[PDB]
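Q: Here come the first chain(s), positioned as in the complex:
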Amino acid sequence: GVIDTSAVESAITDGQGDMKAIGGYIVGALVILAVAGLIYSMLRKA
Amino acid sequence: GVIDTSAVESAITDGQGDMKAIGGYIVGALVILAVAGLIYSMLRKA
Amino acid sequence: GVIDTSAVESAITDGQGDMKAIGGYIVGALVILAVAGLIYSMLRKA
Amino acid sequence: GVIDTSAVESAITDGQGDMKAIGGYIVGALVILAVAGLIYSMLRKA
Amino acid sequence: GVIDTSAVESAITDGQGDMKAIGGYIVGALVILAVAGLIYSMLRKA
Amino acid sequence: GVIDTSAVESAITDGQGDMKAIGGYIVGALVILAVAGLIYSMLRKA
Amino acid sequence: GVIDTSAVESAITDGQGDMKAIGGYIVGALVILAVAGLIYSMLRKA
Amino acid sequence: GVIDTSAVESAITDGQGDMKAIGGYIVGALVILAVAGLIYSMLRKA
Amino acid sequence: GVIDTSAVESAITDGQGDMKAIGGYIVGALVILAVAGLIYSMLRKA
Amino acid sequence: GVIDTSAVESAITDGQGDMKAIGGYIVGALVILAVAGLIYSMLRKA
Amino acid sequence: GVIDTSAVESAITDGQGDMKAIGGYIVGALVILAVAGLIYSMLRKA
Amino acid sequence: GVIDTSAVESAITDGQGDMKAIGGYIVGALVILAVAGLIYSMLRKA
Amino acid sequence: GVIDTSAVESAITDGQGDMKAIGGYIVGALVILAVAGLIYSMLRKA
Amino acid sequence: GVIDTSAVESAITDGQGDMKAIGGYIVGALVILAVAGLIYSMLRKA
Amino acid sequence: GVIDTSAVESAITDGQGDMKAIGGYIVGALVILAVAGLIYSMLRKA
Amino acid sequence: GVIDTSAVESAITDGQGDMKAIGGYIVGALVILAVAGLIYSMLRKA
Amino acid sequence: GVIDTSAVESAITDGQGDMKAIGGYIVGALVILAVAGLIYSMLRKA
Amino acid sequence: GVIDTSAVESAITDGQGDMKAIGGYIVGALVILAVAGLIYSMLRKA
Amino acid sequence: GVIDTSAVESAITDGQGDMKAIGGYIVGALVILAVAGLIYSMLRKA
Amino acid sequence: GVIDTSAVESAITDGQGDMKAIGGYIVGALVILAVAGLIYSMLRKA
Amino acid sequence: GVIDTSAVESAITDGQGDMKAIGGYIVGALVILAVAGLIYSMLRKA
Amino acid sequence: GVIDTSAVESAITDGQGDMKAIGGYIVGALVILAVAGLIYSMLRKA
Amino acid sequence: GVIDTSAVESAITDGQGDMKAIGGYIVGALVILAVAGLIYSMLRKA
């Protein structure tokens, strides 16, 4: 007997993939915010 | 008399197996989410 | 199986864009403040 | 003997289809929310 | 067989719409706050 | 997808404007102070 | 289908209004402080 | 043969109606909360 | 058929009311804080 | 021949009635819960 | 025929009552928290 | 239906009160500092 | 019928009590901080 | 003819009784949880 | 007839007990956090 | 919808008032210092 | 959008005015000192 | 019912204590700075 | 009946312990910062 | 006559036993989670 | 009779183990964040 | 409801006290400096 | 609303007073110096 749950082992993988994808771009934006701090809070006076 | 329910003792085992399998990959993804937190909420400002 | 999260890879990009846009003009103003310091705190006496 | 359950193998497929369809648009909206965060919480001060 | 879930593909769209609508006006207000900072924290002394 | 942040590109501009406006009059006053120095610290004895 | 979120497009507007209102009077006070500086730090000696 | 389930096609409609009704007023209140934020977190200092 | 959800359309209204009520007094207090700033940070030296 | 099942067509109606009756008061209570949310999660801070 | 469900129309009412009762005292406490904020975050410096 | 939030309209008032109370004494002290300046920075030489 | 929820009307009261208790001592400490400011930022030079 | 089902009219009553009994103590505990929230999420910072 | 549900009236009590027990120690820890704030955010500068 | 922030438009006014009040007396003292200079630095020798 | 900072363009003007006012009288006194020199340091012997 | 928050009434006290402790030594140092001013800005020339 | 929650009364204790541990070292560092202020803002000029 | 259901009175007892057993270890784990919160959300900043 | 639930008493233990494992590394990262604060917000100016 | 902030009305008073105390001794020293001027800048030649 | 800053209008007055007081005695001494000139620079030869 059985239940072919190998289609899972891949289906979930996509997930991790797509996730890690957004899990990048989010950071991608926040850097902008970071750089936007320190640089303009140097221009603040210096 | 009897009822040969030894085919069960294995059939159910597969289950536990396939389960524990998904019971891994789920965690597999959630780690991504974890790392995605702390790291980008370090980049937050620091 | 899948989940077409490629509409994300662009949607988030706009964000970075619009952000970096404000992330400019903010600095755009603060310069004014900078110049407003040193120049009038030269006129201070000199 | 038998029971022609091949009409199932397709009927369920539609399901997955229609599902994955909503399973997209949901994400479609949440991106909006994401972009709405970071960008306006850049405009927050910067 | 089927389930006509095309009424969804539009119903959800409205959502994104109305959302992006508020997702604008929110920023609309926060700008006011931004301008209210830098300008009066120029008037601060200068 | 998007977020119409073009209302920003102008809203912030006003700021710079109003700022540069005060960023003038401040200097406008300090000149008075300058002239008030040198001239009366000529009258000091000469 | 829909969700009548037009009551929003106005409700938020009031906000911007009331905000910009305080966003004025705040500056209204800080000017007092400004004038209170330069003028009495002219009277300082001159 | 049959089962006159056309009384359904309307009975369920009412539902959607009454729902969308509350589905409005809920938002109706949350706007209040929104406006209550930004405006008083402008008055915060500005 | 139906479900008399008109008792809702009013019950929720009270909410908005009571809310907007607190949504006032909160601001009522924060003004105190505002005035407490600028005035005593005028007395700071001036 | 026959079976006078017209006493049914009414007996079942009562049911729908009494049901719709409770089917009201249930909602009657849940509104209380709704109002109890938003209003006190306005008082939360605001 | 019938089913005397009028004992319901009252039994449920009590509920709403007892609910609205707790639905008060909860707010009763949260005010304390509110006042505890603004007042001591005035004492913060002022 | 309702939620007796009139206990709020007073509870918050106390707050404003106690606040305005500290909002006085703070200034009460800073005057001391003010007088301590000008008078001893008269004694400075004169 | 009923549900004796009068044990609530008191149980919640304790809460408010214990809360208001901490809601005092917190302020109790922050005063220390306040006094620690103004007094030593008088000793700052004066 | 008959069937003495008056022993029911009481047997079921006990039920309601014992029920309402647990239907109290359950709430009895949940209050503890309630008080445990607000009070310690006052101690949270305040 | 009956159902001896008096073993309940005690079993549930233990619960409240054990609960209130954790419902203490939780607060027990959070105080530590509180004290850890104010004291070191006095040492912050003072 | 709305938020009655007209109590602000006055509350802030008081501020400006009380401010301008101190914003006078400060100058009131500094004149003393001014007169104390020139007159005694005439008596210096003459 | 905007921030009506035209009340500034005048408020600051007063300043310049009041300043230039003292910026006169100061010189007004110093002349006295000047005349007091040369004339009595003519009377010195001649 | 209850929640033994008397362990708080002491835990917070320690805080005030340790605070007031640093709240002393800080001043302890700043005096040094004070004395270091006036005395050496007497030695300045005298 | 029961639930042996005495393993809690200790498990939570560790927490408080480990916490208070970090709750020390944090302060341990901030002192460094304190000393780093006053001492070098004595060396500032003195 | 009869039915020896005393084998029940014990069989069910085991149940309660084994249950209360898991009914412990579950809590056993959740404590870990609790301690994992407060302690690391002390390390959060403190 | 029985149900061999001793395989539980261990299965759950693993859980606590693996948990406490992540319950460490999480803190492991947050320290990094802590150190990243204080040290660079010493470098801030000092 | 309330928050006993009368412990403040005194705590702040001490402050004013201790302040005015240093606010004396500072002047106490500066007199020394004053006398040290005029007297030795009489001895200057006379 | 308000902030009782009438305690200021007097507190500052004292200042002017004490100032004008020293603002006298300073001149009080300088006369001595004046008389010490002319008289002994008459005795110079005459």
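A: Noted; the coordinates are in hand. Numbers count the residues shown, from 1 in each chain, chains lettered A, B, ... in the order given.
Q: Can you tell me how far residue A:39 is from residue L:43?
A: According to Cβ to Cβ, to the nearest Å, residue A:39 stands 46 Å off from residue L:43. Placement of C-beta: from N, CA and C, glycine included.
Q: Same check on residue A:44?
A: Residue A:44 is 37 Å from residue L:43, by Cβ to Cβ.
Q: Which of residue A:39 and residue L:43 has more residues huddled nearby?
A: Counting neighbours by other Cβ atoms under 10 Å in any protein chain shown for residue A:39 and for residue L:43 shows that residue L:43 has the greater number, 22 against 14.
Q: Surely the more buried one touches residue W:22?
A: Yes - Residue L:43 is in contact with residue W:22 according to Cβ atoms under 8 Å; the separation is 5.2 Å.
Q: Which helix or strand contains the closest residue to residue A:39 other than its chain neighbours?
A: In this structure, residue A:39 finds its nearest non-sequential neighbour in residue C:27, 7.1 Å apart by Cβ to Cβ, 6 or more residues apart in numbering or on different chains. Using DSSP states H and E, residue C:27 maps to helix C:8-40.
Q: Can you name every helix or strand that that helix contacts?
A: In terms of contacts (3 or more Cβ pairs under 8 Å, 6 or more residues apart in numbering or on different chains; DSSP states H and E), helix C:8-40 is packed against helix A:8-40, helix D:8-40, helix E:8-40, helix F:8-40.
Q: quick one: the second one to chain centroid distance?
A: How far helix D:8-40 lies from its chain's middle: 2 Å, per Cα atoms, centre = their mean, to the nearest Å.
Q: Please report the distance of whichever residue of chain A sits closest to chain V from chain S.
A: Distance from chain V to each residue of chain A (Cβ to the nearest Cβ) is smallest for residue A:45, at 30.1 Å. Per Cβ to the nearest Cβ, to the nearest Å, residue A:45 is found 17 Å from chain S.
Q: and chain X, same structure:
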Amino acid sequence: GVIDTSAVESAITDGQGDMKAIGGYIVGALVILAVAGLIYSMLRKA
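A: Time to bring in chain X:
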């Protein structure tokens, strides 16, 4: 039984890594700001 959470013990490590990476560069920038202070606030006059 088990759950292979060893993929965690590494996944989280990366996090710490990438974190400590940004946890460097942040400081990397702030030094620039530091050097930009002291050096140009030496050039200030010296």
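Q: what comes up buried for the helix holding residue C:27?
A: Residues of helix C:8-40 classed as buried by neighbour count (16 or more other Cβ atoms under 10 Å in any protein chain shown): C:8, C:11-12, C:14-23, C:25-30, C:32-33, C:36, C:40.
Q: for chain A, which residue is closest to the average position?
A: Residue closest to the average C-alpha location in chain A (Cα atoms, centre = their mean): residue A:23, at 1.2 Å.
Q: Name the nearest residue to it, ignoring sequence neighbours.
A: Of all residues not flanking residue A:23 in the chain, residue B:36 sits nearest, at 4.1 Å (Cβ to Cβ, 6+ apart).
Q: From residue A:24, how far out is that neighbour?
A: 9 Å.
Q: Residue A:8 and residue B:25 touch, don't they?
A: Yes - judged on Cβ under 8 Å, residue A:8 makes contact with residue B:25 at a distance of 7.3 Å.
Q: quick revisit: the residue nearest to residue A:23 contacts residue A:26, doesn't it?
A: Yes - using Cβ under 8 Å, residue B:36 is in contact with residue A:26, at 7.0 Å.
Q: Identify the contacts common to those two.
A: With contacts defined as Cβ atoms under 8 Å, 6 or more residues apart in numbering or on different chains, no residue is shared by residue B:36 and residue A:26.
Q: Nearest to chain Q within chain A, name that residue for me.
A: residue A:40 (20.4 Å).
Q: measure the closest residue to that residue other than its chain neighbours to residue E:37 for me?
A: Ranked by Cβ to Cβ, 6+ apart and with sequence neighbours excluded, the top spatial neighbour of residue A:40 is residue C:27, at 4.7 Å. As judged by Cβ to Cβ, residue C:27 and residue E:37 stand 14 Å apart.
Q: then add chain Y to what we have above:
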Amino acid sequence: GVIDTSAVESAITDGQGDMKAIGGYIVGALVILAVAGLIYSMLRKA
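A: Adding chain Y to the chains above:
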């Protein structure tokens, strides 16, 4: 807006007055010296 600096226009006047007063008596003495020359440096021999 404004700053009532008319109290200045008089305060400074007093100065000029008191000055011109000493600005007389100084000359008053020097005449004595003048007369003391020529007359006794006539008596010199003649």
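Q: For the residue nearest to the centre of chain A, give me its contacts.
A: B:32-33, B:35-36.
Q: Looking at chain A, which residue is nearest chain R?
A: residue A:45 (24.2 Å).
Q: burial count for that residue?
A: 14.
Q: measure the closest residue to it other than its chain neighbours to residue C:24 for me?
A: In this structure, residue A:45 finds its nearest non-sequential neighbour in residue C:37, 6.8 Å apart by Cβ to Cβ, 6+ apart. Distance, residue C:37 to residue C:24, by Cβ to Cβ: 21 Å.
Q: what does residue A:14 give?
A: In terms of Cβ to Cβ, residue A:14 sits 37 Å off from residue C:24.
Q: just residue A:24 next, same as before
A: In terms of Cβ to Cβ, residue A:24 sits 24 Å off from residue C:24.
Q: same check, this time on residue A:12
A: Relative to residue C:24, and taking Cβ to Cβ, residue A:12 is found at 41 Å.
Q: which secondary structure element contains the residue in chain A positioned nearest to chain Y?
A: Relative to chain Y, the nearest point of chain A is residue A:45 (27.7 Å; Cβ to the nearest Cβ). Following DSSP H and E, one finds residue A:45 outside all helices and strands.
Q: Got the phi and psi for it?
A: phi -170, psi -50 (degrees, to the nearest 10).
Q: That one against residue C:31, yeah?
A: No - counting by Cβ under 8 Å, residue A:45 stays clear of residue C:31, with 11.9 Å between them.
Q: Next, residue A:42: secondary structure please.
A: The three-state assignment at residue A:42 reads coil, by DSSP: H, G, I helix; E, B strand; the rest coil.
Q: And residue A:4, by the same measure?
A: Assigned by three-state DSSP, the conformation of residue A:4 is coil.
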